[PDB]
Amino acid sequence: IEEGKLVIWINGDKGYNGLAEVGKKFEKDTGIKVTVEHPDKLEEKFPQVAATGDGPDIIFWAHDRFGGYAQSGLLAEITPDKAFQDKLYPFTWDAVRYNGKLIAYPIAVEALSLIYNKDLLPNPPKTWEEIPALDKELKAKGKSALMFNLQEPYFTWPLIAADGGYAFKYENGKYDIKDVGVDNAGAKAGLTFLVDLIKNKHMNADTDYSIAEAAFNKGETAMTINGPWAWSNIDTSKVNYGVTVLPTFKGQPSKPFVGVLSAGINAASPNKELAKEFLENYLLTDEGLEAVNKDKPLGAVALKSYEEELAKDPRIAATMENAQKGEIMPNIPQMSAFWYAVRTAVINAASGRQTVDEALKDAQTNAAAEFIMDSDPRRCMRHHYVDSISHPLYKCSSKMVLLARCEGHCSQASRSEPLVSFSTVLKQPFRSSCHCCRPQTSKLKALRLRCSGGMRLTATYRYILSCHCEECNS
């Protein structure tokens, strides 16, 4: 990571250009260059580079992943003062509190809603059951009822939860990670009903995010399911759309998982004070959030003063209504195993590869399984960096070269104890043990430098291949 700059990662479906305009204001006032990138598989890529002490200074994702990140030590603790705390809704801070500490800044509260084409469906269905009969008549006109992203369980979860599916049972303000509601009767009814939509050719097993967005925005489908970030494309879309409450299933409301979009600071960032100023003084203001909201809407934001202005919009109202019927995601580390499990279950049952309940029988135990964790970045390890090698005195061409270094905190305590002697001899007076993070293996390297004009010098240096914790006086 580079000192004197901010690299920020946020999902490609969110308003990164808006966020980059906030970045520009910050550059103007401080000189600090903000870079906003949006890799794919972001929620997976961050722990992978951050475990190596690399990655962005700031990471944005819904709060359900952040418990996991914090456990492995990827996230700094954040230090908003009380005055800043009060500018945001307390329940949004709760979503980012983990083992008693705030591990990210909440930005916006997200929930799925039903997005409907008012010209094909003046009156959108209040229940899921009436969808087959409504797809019936739309297809008679060259359209379809409903498309949504079938590849991410986030979009199907609301339906599975409806009849009593749940992730980990929540009671007494705590989740029991051995009490998983993924193959109960309710989850079965929910998932089977989706599988029926597909078998009865009302939906298409392969339908993904862009396919659903295309279909709805070209007005070939009457409904889709999505979050506030999609709205932006539908205005400029030739579509006259509404945003409403999700339909009910077996008489019960759809229970979307609610996510608080959040910004965490990489524990490895040499730019924490910058990230703090950026987030508190630039992003989380009326104008910062407006800039992002202009690009891709955030939904019900977490800053009160700005949510007060946005609240007079039916679309936000609907987002909230849907939020209220749904439940906030836990942020506990076990969530990454739950999501993996449900993603397999749904894709498998949708594509015919397993029966429902033959898929959710497996997701049931898969969701409570122990998982491999992100290694902790404080451990002794090897770092790659690029440096230009120069002569200390003579004027020469300098080369840019990849080098490696060792850094970390050896876990063993260091100790020192007296030795006794009678030997009038010299001696070390102390027996000690101290572990240092050091090269275990390395190889010799040589580089020709060109000097003006006498003469060609050869610089040697060792290239470190591996590090380990070894005794100091070895």
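Each residue number is its position in the shown sequence, starting from 1.
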Between 289-297 and 230-238, point out the one with the higher average CA B-factor as the PDB entry records it.
230-238
Looking only at CA atoms, which has the higher mean B factor in the entry: 415-423 or 53-61?
415-423
Report the option among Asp81, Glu110, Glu277, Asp313 whose CA atom has the maximum B-factor in the deposited record.
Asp313
Which of these, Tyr105, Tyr340, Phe193, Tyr209, has its C-alpha atom at the highest B-factor, as the entry lists it?
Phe193
Entry-reported Cα temperature factor of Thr30, expressed as the chain third it lands in
middle
What third of the chain does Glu37 rank in for C-alpha temperature factor, lowest, middle or highest?
lowest
How does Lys304 rank on Cα B-factor within its chain, lowest, middle or highest third?
lowest
Where the record places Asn200 (Cα B-factor, split into thirds across the chain)
highest
Looking at the entry's B-factor column for C-alpha atoms only, identify whether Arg405 ranks in the lowest, middle or highest third of its chain.
middle
